[PDB]
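In listed order, ligands and their atoms are each counted from 1. Labels below follow one simple rule: chain letters A, B, ... track the order of the sequence lines, proteins then strands, and each chain is numbered from 1.
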Protein chains: 2
Amino acid sequence: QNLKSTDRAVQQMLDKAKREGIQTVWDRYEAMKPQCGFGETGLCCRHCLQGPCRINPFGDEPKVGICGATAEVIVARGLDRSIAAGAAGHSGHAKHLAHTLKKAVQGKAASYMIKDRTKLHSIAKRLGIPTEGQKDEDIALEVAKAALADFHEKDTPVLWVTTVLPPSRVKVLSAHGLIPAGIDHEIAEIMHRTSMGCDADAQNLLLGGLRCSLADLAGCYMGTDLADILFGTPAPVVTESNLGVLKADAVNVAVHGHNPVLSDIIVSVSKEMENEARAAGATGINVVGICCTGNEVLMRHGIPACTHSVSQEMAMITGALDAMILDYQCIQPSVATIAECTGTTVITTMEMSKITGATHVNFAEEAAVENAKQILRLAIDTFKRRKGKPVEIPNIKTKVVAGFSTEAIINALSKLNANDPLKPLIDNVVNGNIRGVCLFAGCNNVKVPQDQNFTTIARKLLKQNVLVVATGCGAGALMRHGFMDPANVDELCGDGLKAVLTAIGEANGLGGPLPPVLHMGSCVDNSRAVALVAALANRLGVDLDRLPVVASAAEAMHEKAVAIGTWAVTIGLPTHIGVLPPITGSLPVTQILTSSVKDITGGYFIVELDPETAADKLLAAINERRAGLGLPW
Amino acid sequence: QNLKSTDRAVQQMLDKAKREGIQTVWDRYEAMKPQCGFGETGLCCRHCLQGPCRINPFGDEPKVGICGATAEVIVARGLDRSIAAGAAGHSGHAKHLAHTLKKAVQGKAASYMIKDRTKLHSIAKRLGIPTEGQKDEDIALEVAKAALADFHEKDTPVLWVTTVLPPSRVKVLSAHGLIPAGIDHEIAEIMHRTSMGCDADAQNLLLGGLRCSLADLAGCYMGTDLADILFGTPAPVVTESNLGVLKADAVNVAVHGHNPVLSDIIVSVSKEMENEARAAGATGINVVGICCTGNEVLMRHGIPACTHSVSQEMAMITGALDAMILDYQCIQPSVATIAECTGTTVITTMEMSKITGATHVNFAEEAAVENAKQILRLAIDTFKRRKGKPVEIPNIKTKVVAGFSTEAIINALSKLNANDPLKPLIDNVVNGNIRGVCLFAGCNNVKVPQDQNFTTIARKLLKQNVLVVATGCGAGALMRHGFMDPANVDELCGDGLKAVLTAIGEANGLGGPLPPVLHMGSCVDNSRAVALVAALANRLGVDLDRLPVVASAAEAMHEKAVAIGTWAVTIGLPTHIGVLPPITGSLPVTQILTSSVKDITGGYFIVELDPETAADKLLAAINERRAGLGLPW
Ligand code: SF4
Ligand code: SF4
Ligand code: FES
Ligand code: FES
């Protein structure tokens with residue numbers, strides 16, 4: 001099973017699924033092989049009813065689409081639609097939060113409130129919304145209105161791009177026409193320009209894609225901002241991860257999907273319902289996280305992470321998962337079928353994301369606590385039904401220190417330099433104790449043995465003194481393999497990095513180091529890494545494409561990960577992707593995305609499926625950036 | 001060549017392309033066969049990087065997507081993205097016009113103006129914008145602002161849906177949650193919900209698709225409204241169609257694409273530049289239309305239609321097409337390559353729609369006349385270069401009476417009943433002289449011999465006394481085969497229909513009938529058919545799904561045609577589609593779209609590739625509607 005996942009708890013559950021005859025994602029992948037090479041290379045188009053069109057990567061006809069679309073057009077159009085789809089998910093998430101903040105401060109959703117007033121005011125200030133003399137609710141109404149306004153054209157560009165990157169970067173982007181006019185505007189324009197008989201120039205299409213990726217960045221940054229306002233900015237927390245966080249004698253409830261609007265209320269209403277659960281024979285309600293909504297409540301509340309991404313069905317296979325509470329994105333719809341075998345109650349909550357066979361409980365922010373109670377009573381009923389059934393929870397977990405929002409990182413560094421917190425970090429980049437920074441982001445992918453690329457790359461970079469930060473299921477992968485346990489710093493980190501993590505942790509009174517990898521949150525909280533990197537660029541007076549900072553979507557899957565990778569390139573980062581995106585069928589598109597975009601944004605994709613080679617390539621990119629700053633490497 | 005096209009001028013040009021070795025769309029289709037059956041049936045998904053996933057229509061594995069997406073989910077998700085893409089094109093078009101109207105009345109685009117003040121005021125009144133005491137420019141600014149506001153969420157739903165359908169229809173739609181909240185909002189929500197791990201219930205997905213199709217209807221209706229304001233509401237015109245409208249001794253300029261913002265200025269600036277063209281040796285500039293922008297200037301100015309859709313390359317093969325001026329949508333990008341052989345100057349004008357190898361001349365509304373002159377001088381230069389070259393313009397054209405906006409139809413009928421213009425039409429539906437109404441819409445498709453389905457179906461319906469109206473390339477097909485020439489009424493029309501077309505034409509002083517088919521304009525001007533049908537529903541006090549009105553996208557191609565077909569169903573019409581959409585891989589999705597949606601919206605798709613059978617099925621749908629009104633049939 002280690003060919004499927006490197007996570008030992010997942011391996012144990014794959015053995016249980018196998019002997020119980022429960023089909024998993026890996027089994028459905030095997031059943032799909034060999035996969036279509038036209039689709040794998042990007043040389044397939046179904047954009048009109050004259051299709052499907054495909055183009056042989058090599059050989060004879062077909063060489064061109066029926067309408068005359070070339071390989072480079074077809075590849076670029078498909079990629080652009082992926083970016084637009086990713087942007088549509090993160091900005092649906094962000095819009096959900098904007099509407100929740102608005103309802104809350106309009107007195108329409110009393111379960112929600114301004115928790116982080118300081119962040120509310122800083123965001124207002126960043127957007128140019130006056131705060132002096134204003135009620136918090138009015139400031140928040142104006143921030144929510146500004147959030148919603150960024151979805152459409154108006155007399156300013158998308159402010160969750162132009163106000164979150166340094167002016168020099170905005171200028172570069174504007175010079176190439178890449179600043180988004182409106183988040184949903186760009187999504188629609190991508191769908192328009194990529195429809196039949198429209199844009200048919202690869203560079204033009206890909207410039208549109210870069211712009212739409214910044215609409216995705218805006219949605220991510222907006223979602224982090226709004227979720228921090230509503231639910232609190234993360235600070236360092238200690239918890240655990242992997243399936244051993246499930247407890248046979250508790251009602252185990254996973255929150256799964258993405259939006260803390262749902263997850264965060266499940267967490268505190270579950271505390272309220274402890275005696276109800278104890279009346280049912282349980283010790284209490286054990287909320288555990290799956291996927292980004294699990295990252296959200298891990299970061300803010302220390303809720304333990306059960307699993308992530310590709311292995312999400314395995315939590316159900318334990319037999320102890322009483323409920324899986326879903327909102328949207330990245331939920332394998334297989335879970336509704338597996339629930340029939342495992343007894344888990346799968347509950348959908350959002351009208352635009354239902355799964356046949358799952359129970360749907362409309363969640364309305366206006367009724368959040370009551371809706372959460374209904375949902376949790378289904379979970380308790382389910383717990384009662386498995387009274388006396390054996391379960392198989394692997395007794396496998398790791399310790400996870402997390403909660404490293406950018407604010408938390410700055411605060412930690414401020415213990416070393418109170419009025420110039422970034423300087424101790426930059427000092428150690430300059431003296432070589434920190435070689436550079438790498439952000440691990442994005443998914444697992446069934447094509448890659450789960451977590452192998454993240455851990456292989458992260459080990460090599462940590463030994464080379466790279467400061468590693470992670471989000472989403474990259475953070476999930478690293479947490480489940482111990483990379484967020486400070487007890488593993490000696491093993492994992494180069495001496496320079498160890499010295500820095502120790503100096504920071506000791507100054508923060510830990511009696512020990514920060515963990516080897518800093519968990520910066522969910523995938524929208526990639527925006528926190530942008531905030532940190534933009535702050536470093538501003539502090540250094542250079543653009544982001546001069547910083548020794550890279551990104552790696554080492555096991556990417558979702559359209560959202562494609563969008564994040566593309567905005568990472570657009571804001572100036574060398575960006576590794578560890579799975580093949582459907583671009584190999586066009587050399588001109590590949591050359592743009594891996595080479596000539598350097599002349600446009602300074603960032604570039606590094607496509608590399610072999611993780612040791614990817615680590616080398618990421619180190620070379622970091623070291624090239626070091627050299628260009630005149631630093632030793 | 002008649003297996004490729006039933007148009008004799010196209011056949012002649014296919015012979016010329018063949019002996020000159022110029023590859024055409026039909027040759028690229030042949031090179032694509034056999035096409036992928038997974039894509040053809042809809043059983044392919046590339047929504048994440050674990051894909052491509054496919055499902056065998058029948059047999060053994062693969063049976064399910066890697067994430068657990070079933071066939072019905074995958075089919076419904078792909079269809080929904082097609083609808084969203086269609087909506088994105090029509091609403092990009094409509095947004096373009098809204099921005100042009102705004103610039104014009106802000107003094108920023110002097111080449112544009114309020115031409116149809118009456119329509120401006122009626123639209124304002126329909127939207128609830130006060131006109132009394134207001135300057136036209138202010139009313140128009142408010143209409144443009146309302147147009148732009150319909151793209152995003154706000155405190156009203158999309159008014160270019162709710163104000164253009166009768167209240168009883170809006171109520172039905174609202175009861176099912178189908179009224180769009182914002183045009184680009186719905187497009188993005190479709191892209192979100194159809195991304196991996198999101199919506200996975202076919203009925204839920206398809207309800208989202210119906211709603212997004214109404215966002216497409218809104219974009220169409222908005223585009224017609226705004227184009228009528230800016231360029232004038234069509235009234236009956238007489239012109240010609242097919243390749244014989246090209247003139248060897250003139251500078252032949254085709255306008256191609258969709259937006260009259262461009263086409264309409266090409267038309268009047270070309271009149272200005274007659275002596276310039278005559279100085280170059282030409283008799284003048286002969287502007288001819290291709291595709292919907294050609295329909296727009298045909299409807300408003302009687303510009304002759306050269307060709308449409310699938311045969312658009314054939315205009316270039318004549319050797320006489322000096323320029324092809326493009327904005328966006330439905331332009332085969334092959335034209336840029338063919339231009340190298342034919343000498344035609346292909347000129348793109350919109351930043352989001354470029355074609356490698358074409359000359360790009362930025363068109364800015366603010367500089368429209370100057371930009372048009374630059375474009376037309378390229379055309380004259382090209383004419384000069386073919387001094388002495390033989391050309392082969394087939395001497396084949398038809399007479400086309402067109403310009404039947406809904407206003408024009410009502411006005412025509414008012415000659416028979418001044419204060420109740422719809423009543424003479426309804427009287428003849430009741431007495432059986434008009435059996436029902438059929439709207440032909442949408443594209444040609446290389447899979448169907450060009451125009452064969454439109455003409456075969458239209459002949460059968462006309463003999464059965466159906467009032468036939470047409471838009472887009474369905475109007476193009478029928479015009480190029482004589483169905484818009486009143487000289488063919490005796491041949492084509494049943495006695496009852498003939499009696500009605502004659503009575504109306506004689507009352508309009510024609511000394512003869514209206515033509516056999518009424519051309520209601522471009523594809524956004526399908527909205528004119530909605531206006532007519534909604535007016536009939538209102539006049540009769542019944543919803544649209546009780547009217548003997550059907551639609552046929554007999555040779556559909558574009559995602560836009562899928563969106564139009566879907567909103568035709570959503571507003572209550574039996575809607576034929578004459579090509580296979582990628583739904584056959586899921587019986588549950590097919591059953592929803594062809595049967596159980598009747599219980600939701602009263603409309604339904606009729607998938608039928610055989611046009612004689614399609615005509616029978618459309619007549620049965622009309623006659624069922626007649627029976628349900630208690631009428632003989
Ligand atoms: S858009 Fe062009 S390449 Fe794509 S399916 Fe249609 S004809 Fe084929
Ligand atoms: S979304 Fe599901 S069905 Fe589609 S490519 Fe990804 S794993 Fe396959
Ligand atoms: S031919 Fe397989 S993805 Fe289209
Ligand atoms: S397998 Fe051919 S369209 Fe995907």
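When hydrogens are left out, the protein atom nearest atom 8 (Fe) of ligand 2 is B/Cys53 SG, 2.3 Å; that is the closest non-hydrogen contact. Distance from atom 1 (S) of ligand 3 to its nearest protein heavy atom, with residue and atom name: A/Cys36 SG, 3.7 Å. Shortest contact from atom 4 (Fe) of ligand 3 to any protein heavy atom: A/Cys44 SG, 2.2 Å. Counting only heavy atoms of the protein, atom 2 (Fe) of ligand 1 lies nearest to A/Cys67 SG, 2.3 Å. Closest protein heavy atom to atom 6 (Fe) of ligand 2: B/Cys48 SG, 2.2 Å.
Residues B/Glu559 and A/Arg77 are not paired through a salt bridge, judged by the lack of any N-O separation under 4.0 Å between the basic side chain and the carboxylate.
If you number the atoms of ligand 3 from 1 as listed, the ones under 4.0 Å from a heavy atom of A/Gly39 come out as 3 (S). Ligand 1 places these atoms under 4.0 Å from at least one heavy atom of A/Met196: 1 (S). The atoms of ligand 1 that sit less than 4.0 Å from any heavy atom of A/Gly51 are 5 (S). Within the listing of ligand 1, atoms 1 (S), 3 (S), 4 (Fe) sit less than 4.0 angstrom from a heavy atom of A/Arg77.
Side-chain atoms of B/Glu555 come within 3.5 Å of backbone atoms of B/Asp451 as a donor-acceptor pair (strictly under, hydrogens ignored). Remark: side-chain polar atoms of A/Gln312 are paired, donor with acceptor, to backbone N or O of A/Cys330 under 3.5 angstrom. Looking only at distances, a side-chain donor or acceptor of B/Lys447 sits under 3.5 Å from a matching main-chain atom of A/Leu49.
The proximity of B/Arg46 to ligand 3, defined as any non-hydrogen pair under 4.0 Å, is limited to the side chain.
Metal site remark for atom 6 (Fe) of ligand 2: B/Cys45 contributes no N, O or S atom at a distance under 2.8 Å.
B/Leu205 CG to B/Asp80 CG: the interatomic distance, rounded to the nearest 0.5 Å, is 5.5 Å.
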Would you be so kind as to tabulate the donor-acceptor pairs closer than 3.5 Å made by side chains of residues 62-76 of chain A, with sequence neighbours excluded?
unit_1, atom_1, unit_2, atom_2, d
A/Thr70, OG1, A/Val73, N, 3.2

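Remark: distances from the non-hydrogen atoms of A/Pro52 to ligand 3 are all 4.0 Å or more. Judged by the shortest distance from any of its heavy atoms, A/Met32 lies outside the 4.0 Å radius around the atoms of ligand 2.
The shortest side-chain heavy-atom distance between B/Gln50 and A/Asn445 falls under the 4.5 Å cut-off.
Counting all heavy atoms, side chain and backbone alike, B/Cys48 lies closest to B/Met196 at CB-CB, 4.0 Å.
In this pair, B/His93 and B/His258 present their aromatic rings perpendicular. The plane angle is above 60°, beyond the 30 to 60° band.
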